[PDB]
């Protein structure tokens, strides 16, 4: 049976060596929480999460292969990406994250030793985070109701400009 590295080293062409992606859009997956990782792979595979290509890829693997790969990626060190951001919007975005998202995305979802099942926002590629929130808003992938209501409350209060601010804040954490 293939080893974790024999399985995961094929992902580097789209996600970068060790899961640190050079962008501009394919996500970094280094240091993801292993339960998060396995669940997202299973949902791409079943089609619960609609995708451009990950359903086609994840369908090629078993549960056991996802759990091996989750171990590999969890052992890597996530590197916040070097990307541009709108520095003028950073303090606004800090306040928005603090008001709407920090409750669950603790320290912006960084892979902290004492958080389980974090979802990394800080230092992730901004186009990927824009596509993910497009997918939540379209219901192309599921979200807990408690994230849905905060996202809806941020948009009702701040508009699209509120999102630009959140993204500049997450990108500034590099």
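Positions refer to the first chain, counted from 1.
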{"item": "Which of 98-106 and 85-93 has higher mean CA B factor, as the PDB entry lists it", "value": "85-93"}
{"item": "Which of 9-17 and 160-168 has higher mean CA B factor, as the PDB entry lists it", "value": "160-168"}
{"item": "Which of 139, 39, 65, 116 ranks first by CA B-factor in the deposited coordinates", "value": "116"}
{"item": "Deposited CA B-factor, highest of 34, 60, 111, 123", "value": "111"}
{"item": "Record-listed C-alpha B factor of residue 53: chain third", "value": "lowest"}
{"item": "B-factor third for the C-alpha atom of residue 70 within its chain", "value": "middle"}
{"item": "Ranked C-alpha temperature factor of residue 148 among modelled chain residues, by third", "value": "middle"}
